[PDB]
$ cat structure17.cif   # mmCIF, C-alpha atoms
data_start
#
loop_
_atom_site.group_PDB
_atom_site.id
_atom_site.type_symbol
_atom_site.label_atom_id
_atom_site.label_comp_id
_atom_site.auth_asym_id
_atom_site.auth_seq_id
_atom_site.Cartn_x
_atom_site.Cartn_y
_atom_site.Cartn_z
ATOM 1 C CA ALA V 1 113.155 152.622 18.819
ATOM 2 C CA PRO V 2 114.781 155.746 17.255
ATOM 3 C CA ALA V 3 113.949 156.868 13.647
ATOM 4 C CA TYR V 4 117.670 156.946 12.584
ATOM 5 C CA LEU V 5 121.168 155.808 13.582
ATOM 6 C CA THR V 6 122.915 159.259 13.755
ATOM 7 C CA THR V 7 126.778 159.308 13.539
ATOM 8 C CA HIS V 8 128.790 162.560 14.091
ATOM 9 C CA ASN V 9 132.262 161.969 12.471
ATOM 10 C CA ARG V 10 134.371 164.926 13.796
ATOM 11 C CA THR V 11 137.674 163.459 12.381
ATOM 12 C CA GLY V 12 139.404 164.044 8.990
ATOM 13 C CA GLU V 13 139.093 160.299 8.069
ATOM 14 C CA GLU V 14 136.060 158.172 6.963
ATOM 15 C CA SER V 15 134.481 155.932 9.667
ATOM 16 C CA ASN V 16 132.401 152.738 9.120
ATOM 17 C CA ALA V 17 130.988 149.832 11.222
ATOM 18 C CA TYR V 18 132.267 146.291 10.372
ATOM 19 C CA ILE V 19 129.197 144.120 11.290
ATOM 20 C CA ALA V 20 130.170 141.110 13.501
ATOM 21 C CA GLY V 21 133.766 142.510 13.263
ATOM 22 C CA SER V 22 134.359 141.643 9.542
ATOM 23 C CA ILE V 23 131.527 142.918 7.202
ATOM 24 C CA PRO V 24 131.717 146.620 6.193
ATOM 25 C CA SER V 25 128.272 148.371 6.234
ATOM 26 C CA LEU V 26 127.030 150.252 3.101
ATOM 27 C CA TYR V 27 126.584 153.483 5.199
ATOM 28 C CA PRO V 28 130.067 154.812 6.171
ATOM 29 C CA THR V 29 130.177 158.312 7.838
ATOM 30 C CA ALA V 30 132.534 160.617 5.813
ATOM 31 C CA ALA V 31 135.021 163.041 7.522
ATOM 32 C CA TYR V 32 133.723 166.183 9.391
ATOM 33 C CA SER V 33 130.165 164.961 8.557
ATOM 34 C CA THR V 34 126.989 163.841 10.384
ATOM 35 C CA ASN V 35 125.113 160.939 8.649
ATOM 36 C CA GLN V 36 121.636 159.536 9.597
ATOM 37 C CA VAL V 37 120.618 155.965 8.518
ATOM 38 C CA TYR V 38 116.851 155.109 8.439
ATOM 39 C CA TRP V 39 116.162 152.472 11.154
ATOM 40 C CA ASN V 40 114.836 149.751 8.737
ATOM 41 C CA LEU V 41 118.158 149.938 6.765
ATOM 42 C CA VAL V 42 120.013 149.361 10.118
ATOM 43 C CA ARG V 43 117.821 146.283 10.935
ATOM 44 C CA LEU V 44 118.724 144.835 7.453
ATOM 45 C CA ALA V 45 122.483 145.677 7.765
ATOM 46 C CA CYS V 46 122.323 143.542 10.993
ATOM 47 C CA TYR V 47 120.153 140.741 9.390
ATOM 48 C CA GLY V 48 121.793 137.332 10.128
ATOM 49 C CA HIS V 49 123.989 138.875 12.915
ATOM 50 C CA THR V 50 121.141 139.606 15.413
ATOM 51 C CA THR V 51 120.370 137.485 18.535
ATOM 52 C CA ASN V 52 117.917 138.728 21.262
ATOM 53 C CA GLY V 53 117.591 141.986 19.207
ATOM 54 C CA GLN V 54 121.365 142.622 19.818
ATOM 55 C CA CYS V 55 123.973 143.198 17.013
ATOM 56 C CA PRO V 56 127.754 143.806 17.430
ATOM 57 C CA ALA V 57 130.064 145.827 15.096
ATOM 58 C CA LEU V 58 133.792 146.802 15.048
ATOM 59 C CA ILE V 59 134.320 150.573 14.354
ATOM 60 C CA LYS V 60 137.203 151.561 11.986
ATOM 61 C CA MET V 61 138.732 154.806 10.728
ATOM 62 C CA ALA V 62 140.342 155.529 7.357
ATOM 63 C CA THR V 63 137.764 152.966 6.058
ATOM 64 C CA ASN V 64 138.280 154.248 2.429
ATOM 65 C CA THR V 65 142.140 153.874 2.657
ATOM 66 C CA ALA V 66 144.505 150.876 2.167
ATOM 67 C CA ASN V 67 145.133 150.766 5.997
ATOM 68 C CA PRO V 68 141.944 151.130 8.131
ATOM 69 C CA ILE V 69 142.287 151.528 11.975
ATOM 70 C CA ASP V 70 140.365 149.295 14.486
ATOM 71 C CA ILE V 71 138.832 151.579 17.234
ATOM 72 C CA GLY V 72 136.889 148.831 19.116
ATOM 73 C CA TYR V 73 133.680 146.729 19.296
ATOM 74 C CA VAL V 74 130.151 148.048 20.134
ATOM 75 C CA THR V 75 126.694 146.346 20.508
ATOM 76 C CA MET V 76 123.282 147.921 19.942
ATOM 77 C CA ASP V 77 119.750 146.973 20.917
ATOM 78 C CA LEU V 78 117.810 147.259 17.577
ATOM 79 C CA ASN V 79 114.524 147.907 19.536
ATOM 80 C CA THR V 80 115.828 150.594 22.029
ATOM 81 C CA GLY V 81 118.796 151.806 19.880
ATOM 82 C CA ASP V 82 120.846 151.609 23.146
ATOM 83 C CA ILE V 83 124.654 151.302 22.455
ATOM 84 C CA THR V 84 126.121 149.294 25.408
ATOM 85 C CA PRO V 85 129.809 150.424 25.405
ATOM 86 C CA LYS V 86 129.131 154.129 26.286
ATOM 87 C CA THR V 87 132.669 155.120 25.083
ATOM 88 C CA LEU V 88 135.662 153.677 23.162
ATOM 89 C CA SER V 89 139.254 155.070 23.260
ATOM 90 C CA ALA V 90 141.955 153.398 21.075
ATOM 91 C CA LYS V 91 144.595 154.263 18.375
ATOM 92 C CA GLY V 92 144.341 157.984 19.397
ATOM 93 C CA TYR V 93 140.573 158.090 18.552
ATOM 94 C CA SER V 94 137.579 158.352 20.976
ATOM 95 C CA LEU V 95 133.889 157.290 20.463
ATOM 96 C CA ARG V 96 131.103 158.717 22.739
ATOM 97 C CA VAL V 97 127.454 157.439 22.799
ATOM 98 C CA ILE V 98 125.237 160.611 23.028
ATOM 99 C CA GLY V 99 121.859 158.783 23.355
ATOM 100 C CA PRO V 100 119.808 155.906 21.840
ATOM 101 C CA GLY V 101 120.930 155.518 18.169
ATOM 102 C CA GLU V 102 123.381 158.494 18.205
ATOM 103 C CA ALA V 103 127.150 158.778 18.913
ATOM 104 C CA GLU V 104 130.173 160.980 17.908
ATOM 105 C CA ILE V 105 133.782 160.041 16.882
ATOM 106 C CA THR V 106 136.592 162.504 17.858
ATOM 107 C CA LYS V 107 140.416 162.446 17.255
ATOM 108 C CA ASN V 108 142.612 161.798 20.400
#
$ encode --input "structure17.cif" --output "structure tokens"
Amino acid sequence: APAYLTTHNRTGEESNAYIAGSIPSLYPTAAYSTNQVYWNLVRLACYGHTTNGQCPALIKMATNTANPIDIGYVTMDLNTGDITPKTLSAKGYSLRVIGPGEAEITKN
């Protein structure tokens, strides 16, 4: 398992993971910022939403605005940190999985 979940937000809008599609995490990644979440905190964020060490989340942009933007669903193995959908592309945003427990969000 990786030490941290590392998120590279390369957009001008805040990103966040909505656990099981509905529950905002406490660890949003601010604009033009990299953020690293200790792995135990991740495990807990996913507590109650984990089956077979797998946990899904919906990724949103403009998470600190009135109108957030649904980018698409992802699932992660909490023991390998492997993120199954290698890319997303929706609402003129793109997500790319870089390796276990790290990914970047770009605009377009």
$ resolve_selection --input "structure17.cif" --expression "the PyMOL selection byres ((chain V and resi 6) around 12)" --output "list in words"
residues 2, 3, 4, 5, 7, 8, 9, 27, 28, 29, 33, 34, 35, 36, 37, 38, 39, 42, 81, 83, 97, 98, 99, 100, 101, 102, 103, 104 and 105 of chain V
$ closest_residue --input "structure17.cif" --among "V:22, V:87, V:11, V:106" --to "residue 58 of chain V" --atoms "only C-alpha atoms"
V:22
$ axis_aligned_box --input "structure17.cif" --around "segment 62-67 of chain V" --padding-each-side "6 Å" --output "lines of an AutoDock Vina configuration file"
center_x = 141.4
center_y = 153.1
center_z = 4.8
size_x = 19.4
size_y = 16.8
size_z = 17.2
$ resolve_selection --input "structure17.cif" --expression "the PyMOL selection byres ((chain V and resi 64-71) around 9)" --output "PyMOL selection string"
chain V and resi 13-15+58-63+72-73+88-95
$ atom_distance --input "structure17.cif" --atom1 "atom CA of residue 1 of chain V" --atom2 "atom CA of residue 79 of chain V"
5.0 Å
$ atom_distance --input "structure17.cif" --atom1 "atom CA of residue 86 of chain V" --atom2 "atom CA of residue 48 of chain V"
24.4 Å
$ atom_distance --input "structure17.cif" --atom1 "atom CA of residue 47 of chain V" --atom2 "atom CA of residue 30 of chain V"
23.7 Å
$ closest_residue --input "structure17.cif" --among "V:108, V:16, V:84, V:25" --to "residue 45 of chain V" --atoms "all atoms listed in the file"
V:25
$ closest_residue --input "structure17.cif" --among "V:19, V:26, V:74, V:41" --to "residue 96 of chain V" --atoms "only C-alpha atoms"
V:74
$ residues_around --input "structure17.cif" --residues "residue 51 of chain V" --least-positions-apart "5" --cutoff "10 Å" --atoms "all atoms listed in the file" --output "PyMOL selection string"
chain V and resi 46+56+77
